[PDB]
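Each remark here refers to the structure printed beneath this line.
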Amino acid sequence: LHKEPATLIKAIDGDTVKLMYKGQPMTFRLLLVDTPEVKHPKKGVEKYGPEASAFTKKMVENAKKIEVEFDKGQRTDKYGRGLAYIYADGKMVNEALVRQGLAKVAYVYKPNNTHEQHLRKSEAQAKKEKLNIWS
């Protein structure tokens, strides 16, 4: 894998951000993580939804460099969203969310699962510490 630069356009919610990537706007879905929802007519705002959303948002808005990392499998989903690991000044947003109890490790689809173990380790630590979703 390798990182490529992108520019923030808009944070959307906890696990979706809009970036400029190679000259075009693109919506990116964060690989391997599930955050509580802020929209979606179903329940609308699930618990910790607004918190994960503000966390993702502050982390990418305060960054001086954003990088995207595609995994080895498909790089877009059926909704045309890019599927990637997002880095803010060198720190993976996907792991930070999980480390803080603000996301769970998603259902995993090989071969898009390179950072699966790292993330499950951060999730177990957040569980032990009983943070946010785990309290």
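Starting from 1 in every chain, residues are counted up; chains themselves are A, B, ... following the order of the structure tokens, and ligands are numbered from 1 as listed.
Close contacts of residue 71 of chain A, defined as residues with an atom at most 8 Å away when counting only C-alpha atoms, with chain neighbours fewer than 4 positions off set aside, comprise residues 1, 75, 83, 84, 85, 111, 112, 113 and 114 of chain A.
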Q: Using DSSP on the backbone coordinates, identify all residues within chain A classified as strand (DSSP E); present the result as a PyMOL selection string.
A: chain A and resi 4-13+16-21+24-30+33-34+66-70+82-88+91-92+104-105
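Those residues of segment 77-127 of chain A that DSSP, working from the backbone, places in alpha helix (DSSP H) are residues 93, 94, 95, 96, 97, 98, 99, 116, 117, 118, 119, 120, 121, 122, 123, 124, 125, 126 and 127 of chain A.
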Residues near segment 116-124 of chain A, cut-off 9 Å, only C-alpha atoms, skip fewer than 2 positions along chain, as a tab-separated table (two decimals) with N, CA, C and O atoms, in the first residue's frame:
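That gives us part_15.tsv:
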```tsv
chain	number	residue	atom	x	y	z
A	32	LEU	N	-13.23	-0.19	7.09
A	32	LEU	CA	-13.18	-1.13	8.19
A	32	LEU	C	-13.85	-0.59	9.43
A	32	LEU	O	-13.81	-1.22	10.48
A	33	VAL	N	-14.48	0.58	9.34
A	33	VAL	CA	-15.07	1.06	10.59
A	33	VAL	C	-16.50	1.52	10.38
A	33	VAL	O	-16.84	2.03	9.31
A	94	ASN	N	-9.16	6.38	10.75
A	94	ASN	CA	-9.93	5.17	11.06
A	94	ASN	C	-9.51	4.59	12.40
A	94	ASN	O	-10.35	4.14	13.18
A	95	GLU	N	-8.21	4.55	12.70
A	95	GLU	CA	-7.79	3.95	13.98
A	95	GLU	C	-8.14	4.86	15.15
A	95	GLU	O	-8.59	4.39	16.20
A	96	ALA	N	-7.94	6.17	14.99
A	96	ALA	CA	-8.26	7.12	16.09
A	96	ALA	C	-9.68	6.99	16.55
A	96	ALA	O	-10.03	7.02	17.74
A	98	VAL	N	-11.64	4.37	16.37
A	98	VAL	CA	-11.81	3.10	17.04
A	98	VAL	C	-11.12	3.15	18.42
A	98	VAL	O	-11.69	2.72	19.41
A	99	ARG	N	-9.91	3.69	18.43
A	99	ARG	CA	-9.16	3.80	19.70
A	99	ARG	C	-9.97	4.57	20.75
A	99	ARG	O	-9.87	4.29	21.96
A	100	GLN	N	-10.79	5.53	20.35
A	100	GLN	CA	-11.61	6.35	21.23
A	100	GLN	C	-13.01	5.82	21.52
A	100	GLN	O	-13.81	6.56	22.09
A	101	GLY	N	-13.32	4.59	21.13
A	101	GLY	CA	-14.67	4.10	21.37
A	101	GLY	C	-15.68	4.88	20.55
A	101	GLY	O	-16.84	4.92	20.97
A	103	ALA	N	-16.12	4.29	17.15
A	103	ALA	CA	-16.45	3.43	16.02
A	103	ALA	C	-16.16	1.99	16.40
A	103	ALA	O	-15.31	1.76	17.27
A	104	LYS	N	-16.84	1.06	15.75
A	104	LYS	CA	-16.57	-0.37	15.86
A	104	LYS	C	-15.92	-0.88	14.58
A	104	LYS	O	-16.10	-0.26	13.53
A	105	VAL	N	-15.15	-1.97	14.66
A	105	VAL	CA	-14.57	-2.53	13.44
A	105	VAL	C	-15.69	-3.24	12.68
A	105	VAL	O	-16.22	-4.20	13.24
A	108	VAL	N	-15.78	-7.34	7.66
A	108	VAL	CA	-14.60	-7.17	6.84
A	108	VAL	C	-14.60	-8.01	5.57
A	108	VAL	O	-14.88	-9.21	5.61
A	112	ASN	N	-9.90	-6.50	1.22
A	112	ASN	CA	-9.71	-5.13	1.75
A	112	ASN	C	-9.65	-5.20	3.28
A	112	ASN	O	-10.58	-4.86	4.01
A	113	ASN	N	-8.51	-5.69	3.79
A	113	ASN	CA	-8.44	-5.93	5.23
A	113	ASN	C	-7.01	-5.88	5.75
A	113	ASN	O	-6.65	-6.50	6.74
A	114	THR	N	-6.14	-5.15	5.06
A	114	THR	CA	-4.75	-5.05	5.52
A	114	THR	C	-4.66	-4.53	6.95
A	114	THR	O	-3.95	-5.13	7.77
A	126	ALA	N	-9.93	0.14	23.58
A	126	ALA	CA	-11.05	1.02	23.88
A	126	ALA	C	-12.14	0.30	24.68
A	126	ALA	O	-12.80	0.95	25.50
A	127	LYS	N	-12.35	-0.99	24.45
A	127	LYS	CA	-13.35	-1.77	25.17
A	127	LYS	C	-12.95	-1.95	26.64
A	127	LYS	O	-13.76	-1.72	27.53
A	128	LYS	N	-11.71	-2.38	26.82
A	128	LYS	CA	-11.14	-2.49	28.17
A	128	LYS	C	-11.26	-1.16	28.91
A	128	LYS	O	-11.70	-1.12	30.06
A	129	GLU	N	-10.89	-0.04	28.28
A	129	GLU	CA	-10.99	1.27	28.91
A	129	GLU	C	-12.43	1.77	29.00
A	129	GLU	O	-12.69	2.83	29.58
```
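With only C-alpha atoms as the basis for measurement, A:31 is the residue among A:20, A:59, A:52, A:31 that approaches residue 115 of chain A most closely.
Straight-line separation from atom CA of residue 50 of chain A to atom CA of residue 62 of chain A: 17.9 Å.
When only C-alpha atoms are used to measure the gap to residue 73 of chain A, the shortest distance among A:4, A:110, A:29, A:86 belongs to A:110.
Nearest-residue note for residue 39 of chain A: choosing from A:93, A:12, A:26, A:88, the minimum distance belongs to A:12, counting only C-alpha atoms.
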Q | All residues 9 Å or closer to residue 8 of chain A, only C-alpha atoms, same chain fewer than 2 positions away omitted, as a PyMOL selection string | A | chain A and resi 6+10-11+17-20+60-61+66
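Taking atom CA of residue 68 of chain A and atom CA of residue 102 of chain A as endpoints, the distance between them is 20.5 Å.
Here the question is which of A:82, A:44, A:90, A:49 gets nearest to residue 28 of chain A using only C-alpha atoms, and that residue is A:82.
Relative to atom CA of residue 24 of chain A, atom CA of residue 89 of chain A is found at 21.4 Å.
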Q. If you count only C-alpha atoms, which residues fall within 9 Å of residue 5 of chain A, apart from same-chain ones fewer than 3 positions away, as an MDAnalysis selection string?
A. chainID A and resid 21:22 65:69
